[PDB]
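Everything below concerns the one structure shown next.
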Amino acid sequence: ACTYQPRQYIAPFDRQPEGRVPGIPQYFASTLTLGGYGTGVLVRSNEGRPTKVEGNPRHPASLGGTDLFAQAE
Amino acid sequence: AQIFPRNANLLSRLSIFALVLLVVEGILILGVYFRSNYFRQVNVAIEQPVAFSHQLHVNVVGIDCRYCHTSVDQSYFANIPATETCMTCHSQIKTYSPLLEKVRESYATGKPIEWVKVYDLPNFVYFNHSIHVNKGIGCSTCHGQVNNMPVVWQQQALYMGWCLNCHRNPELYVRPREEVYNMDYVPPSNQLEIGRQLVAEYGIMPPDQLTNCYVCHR
Amino acid sequence: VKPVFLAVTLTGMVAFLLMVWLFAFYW
Ligand code: HEC
Ligand code: HEC
Ligand code: HEC
Ligand code: HEC
Ligand code: HEC
Numbered sequence: 075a076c077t078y079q080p081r082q083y084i085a086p087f088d089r090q091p092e093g094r095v096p097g098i099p100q101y102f103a104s105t106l107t108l109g110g111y112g113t114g115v116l117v118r119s120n121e122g123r124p125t126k127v128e129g130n131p132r133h134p135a136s137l138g139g140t141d142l143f144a145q146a147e
Numbered sequence: 002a003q004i005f006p007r008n009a010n011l012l013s014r015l016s017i018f019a020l021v022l023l024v025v026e027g028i029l030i031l032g033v034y035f036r037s038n039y040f041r042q043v044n045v046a047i048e049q050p051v052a053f054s055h056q057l058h059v060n061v062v063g064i065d066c067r068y069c070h071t072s073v074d075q076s077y078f079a080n081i082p083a084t085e086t087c088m089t090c091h092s093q094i095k096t097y098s099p100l101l102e103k104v105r106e107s108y109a110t111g112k113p114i115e116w117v118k119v120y121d122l123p124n125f126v127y128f129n130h131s132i133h134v135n136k137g138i139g140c141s142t143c144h145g146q147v148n149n150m151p152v153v154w155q156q157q158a159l160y161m162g163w164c165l166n167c168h169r170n171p172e173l174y175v176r177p178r179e180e181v182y183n184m185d186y187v188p189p190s191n192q193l194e195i196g197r198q199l200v201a202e203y204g205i206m207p208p209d210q211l212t213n214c215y216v217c218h219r
Numbered sequence: 011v012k013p014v015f016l017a018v019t020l021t022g023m024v025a026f027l028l029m030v031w032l033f034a035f036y037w
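So the sequences go chain by chain: B, A and I.
Sequential numbering of the first sequence, starting at 75, is according to the entry's author numbering.
Sequential numbering of the second sequence, starting at 2, is according to the entry's author numbering.
Sequential numbering of the third sequence, starting at 11, is according to the entry's author numbering.
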């Protein structure tokens with residue numbers, strides 16, 4: 075009812091990841107298959123969680139582009 | 002004189018006067034509540050689960066701020082130290098002590114330490130520590146003299162006008178890239194001249210862009 | 011009559027100082 079906002083706790087790590095800067099998303103190169111055939115995707119991990127999928131410019135059949143299924147995965 | 006006593010003529014006028022005062026007092030009470038230090042939790046020393054003293058670790062031991070908040074000049078988020086940084090010293094310092102029991106219970110088990118956030122934002126604000134630090138803005142002008150706080154408190158409420166004051170007039174609060182240290186540094190007497198020169202050298206954009214809505218809210 | 015006109019005047023400016031303080035140099 076008062077104090078405008080609750081306490082809002084914060085829980086950091088116990089051992090920091092070696093190559094992660096907190097608050098900076100990273101990108102990993104993976105592959106998504108539709109009918110058994112692969113498609114190279116560049117997927118974004120915010121804090122170790124996948125959130126967005128985009129095209130892999132280095133991969134044939136996905137020159138910076140994706141289909142609706144790769145986005146909805 | 003028909004149905005009213007003699008004094009009522011004075012009382013009626015006084016009552017109208019008293020009514021106006023009560024109305025004005027009502028608006029006053031309302032505004033005071035929404036700007037108080039209890040509603041905004043300003044100057045309140047929030048109790049932490051492990052009772053960490055910044056005064057002991059900065060002014061006495063002499064640890065740099067980037068030793069603990071390592072992500073402040075690179076991302077929007079100032080890193081909160083993991084238990085590994087605490088165990089780097091307390092594996093030998095003050096080991097087998099009750100004040101460090103929670104820290105020693107973590108690191109052995111994957112459970113984190115649930116600190117309480119002192120500086121809180123309503124999640125539609127999107128603050129960025131990296132751009133502020135790299136443009137000559139120190140922690141003293143924002144979090145205050147944290148180096149001397151045994152318990153951290155909110156130096157002032159994070160209003161929108163408080164951000165707008167610096168964004169519209171950054172000449173008054175800009176500093177010459179000695180922000181990470183120099184908590185003892187204070188604005189020079191000729192802050193306006195130095196500030197205008199620093200704004201021109203660092204390319205701080207005019208108030209027309211910095212007052213835009215999407216610079217903060219998204 | 012003239013006294014109460016002064017009284018309702020001082021009351022007004024009193025309120026203004028009060029209000030202006032809260033909404034300006036208070037924070
Ligand atoms: C990680 C964020 C932490 C936490 C949770 C604590 N520290 Fe330190 N610490 C250091 C030194 C030299 C002292 C004083 C030694 C002494 O008094 O003899 C401390 C003290 C503490 C305490 C209080 C212990 C007590 O009063 O007995 C606490 C609760 C505490 N620390 C928590 C040294 C360092 C250090 C540099 C070597 C770093 C990094 C940390 N400590 C980190 C943490
Ligand atoms: C150099 C003087 C600084 C500055 C400007 C700040 N820190 Fe620290 N920090 C450490 C720990 C364990 C916490 C959480 C416990 C607690 O808040 O009491 C913090 C927290 C903060 C805050 C507030 C966080 C919030 O959510 O509002 C602020 C503003 C802050 N820090 C700034 C750890 C350390 C530490 C030892 C590992 C050192 C040294 C510092 N911090 C130094 C600084
Ligand atoms: C462009 C004209 C806008 C608009 C339409 C709004 N803002 Fe701001 N805002 C900023 C901060 C730090 C806060 C938090 C205030 C607090 O905690 O007291 C806000 C808040 C708001 C609100 C209030 C939301 C609510 O009460 O629910 C509103 C309606 C709002 N904003 C709209 C930060 C800034 C900022 C500096 C970086 C600037 C510029 C803007 N906001 C601009 C706008
Ligand atoms: C004075 C100490 C400031 C306070 C208080 C706040 N900000 Fe600020 N901000 C400040 C400077 C010197 C700059 C650099 C301007 C530039 O052109 O480089 C900024 C800029 C920002 C930005 C990034 C600008 C952009 O174009 O993206 C953001 C996102 C921002 N400021 C946010 C922000 C918020 C939300 C604040 C209230 C919590 C706030 N700032 C306060 C200086 C100061
Ligand atoms: C006014 C500009 C500003 C400056 C410059 C600034 N801070 Fe922040 N700080 C804030 C604001 C605003 C928050 C609240 C962030 C939130 O609620 O998400 C915050 C939050 C924090 C937090 C909590 C963790 C987080 O990421 O929110 C820490 C730790 C912190 N500040 C320390 C620092 C350190 C270290 C520096 C390096 C000098 C620094 N601050 C510089 C304004 C600033």
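Built from N, CA and C at the ideal position, the CB exists for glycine as well.
Chain-ordered chain A contacts of residue i [CB-CB under 7 Å]
| i | result |
| --- | --- |
| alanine 25 of chain I | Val25 |
| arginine 81 of chain B | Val117 |
| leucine 28 of chain I | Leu29 |
| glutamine 145 of chain B | Here the premise fails: no neighbours, minimum Cβ distance about 21 Å. |
| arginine 89 of chain B | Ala83 and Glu85 |
Segment limits, alpha helix (DSSP H) that includes residue i
| i | result |
| --- | --- |
| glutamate 85 of chain A | 84-91 |
| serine 16 of chain A | 9-34 |
| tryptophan 31 of chain I | 12-33 |
| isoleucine 81 of chain A | Neither: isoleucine 81 of chain A is in no alpha helix (DSSP H) and is coded neither H nor E. |
| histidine 133 of chain A | 130-135 |
| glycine 196 of chain A | 192-203 |
| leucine 211 of chain A | 208-211 |
| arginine 169 of chain A | 161-169 |
| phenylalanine 143 of chain B | 142-146 |
Segment limits, beta strand (DSSP E) that includes residue i
| i | result |
| --- | --- |
| residue 35 of chain B | The shown model of chain B, from 75 to 147, leaves out residue 35 of chain B, and the question about it has no answer. |
| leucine 116 of chain B | 112-119 |
| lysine 103 of chain A | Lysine 103 of chain A -> not in any beta strand (DSSP E); alpha helix (DSSP H) instead, spanning 102-106. |
| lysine 126 of chain B | 124-129 |
Partners in chain A for residue i, counting only beta-carbon separations shorter than 8 Å
| i | result |
| --- | --- |
| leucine 32 of chain I | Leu29, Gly32, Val33 and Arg36 |
| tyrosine 78 of chain B | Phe40, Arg41 and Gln42 |
Within chain B, partners of residue i - CB distance below 8 Å
| i | result |
| --- | --- |
| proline 82 of chain A | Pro86 |
Chain-order list of residues whose beta-carbon lies under 6 Å from that of residue i (same chain, five-residue window excluded)
| i | result |
| --- | --- |
| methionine 88 of chain A | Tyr108 |
| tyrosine 101 of chain B | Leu116 and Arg118 |
| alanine 135 of chain B | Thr113 |
| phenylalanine 5 of chain A | none |
| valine 24 of chain I | none |
Within chain B, partners of residue i - CB distance below 9 Å
| i | result |
| --- | --- |
| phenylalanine 53 of chain A | Result: empty, since nearest Cβ-Cβ is about 13 Å, beyond 9 Å. |
Expected contact under 8 Å - CB spacing of residue i and residue j to nearest Å
| i | j | result |
| --- | --- | --- |
| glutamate 180 of chain A | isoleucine 114 of chain A | Rounded, the Cβ-Cβ distance is 27 Å, inconsistent with contact. |
| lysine 103 of chain A | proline 50 of chain A | 6 Å |
| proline 86 of chain B | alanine 83 of chain A | 5 Å |
| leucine 32 of chain I | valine 33 of chain A | 6 Å |
| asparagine 80 of chain A | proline 91 of chain B | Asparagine 80 of chain A to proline 91 of chain B, Cβ: 11 Å. No contact. |
| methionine 150 of chain A | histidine 218 of chain A | Wrong, their Cβ atoms sit about 30 Å apart, outside the cutoff. |
| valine 200 of chain A | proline 171 of chain A | 6 Å |
| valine 21 of chain A | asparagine 148 of chain A | Not quite, the Cβ-Cβ distance comes to about 50 Å (not below 8 Å), so this is no contact. |
| residue 67 of chain B | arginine 41 of chain A | Shown here, chain B extends from 75 to 147; a query on residue 67 of chain B therefore has no answer. |
Cutoff 8 Å; reference residue i; Cβ partners in own chain excluding five residues on either side
| i | result |
| --- | --- |
| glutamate 106 of chain A | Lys112 |
| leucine 165 of chain A | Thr212 |
| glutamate 48 of chain A | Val117 and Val152 |
| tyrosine 77 of chain A | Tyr127, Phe128, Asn129, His130 and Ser131 |
| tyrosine 120 of chain A | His144, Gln155 and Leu159 |
| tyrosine 174 of chain A | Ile138, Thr142, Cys167, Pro188 and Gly196 |
| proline 124 of chain B | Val117 and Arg118 |
Residues near residue i in its chain [Cβ-Cβ closer than 7 Å; skip 5 each side]
| i | result |
| --- | --- |
| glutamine 146 of chain A | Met184 |
| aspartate 74 of chain A | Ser131, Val134 and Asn135 |
| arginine 178 of chain A | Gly137 |
| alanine 103 of chain B | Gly114, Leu116 and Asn130 |
| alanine 144 of chain B | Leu106, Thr113, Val115 and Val127 |
| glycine 139 of chain B | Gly129 |
* Residues of the stretch 93-109 of chain B with a CB closer than 7 Å to any CB of chain A: list them in chain order, please. => Within the stretch 93-109 of chain B, the residues whose Cβ lies closer than 7 Å to some Cβ of chain A are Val95, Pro96, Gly97 and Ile98, listed in chain order.
* Quick one: which residues of the stretch 99-112 of chain A get their C-beta closer than 7 Å to a C-beta of chain B? List them in chain order. => Going along the stretch 99-112 of chain A in chain order, one finds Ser107, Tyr108 and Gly111 with a Cβ nearer than 7 Å to chain B.
* Asked: Of the residues that make up the stretch 113-125 of chain A, which ones have a beta carbon closer than 8 Å to any beta carbon in chain B?
  -> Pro113, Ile114, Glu115, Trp116, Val117, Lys118, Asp121 and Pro123
* Asked: Any residues in the stretch 64-93 of chain A with a beta carbon nearer than 9 Å to a beta carbon of chain B? Which ones, in chain order?
  -> Cβ contacts with chain B come from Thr71, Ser72, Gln75, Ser76, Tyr77, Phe78, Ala79, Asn80, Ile81, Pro82, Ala83, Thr84, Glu85, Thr86 and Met88.
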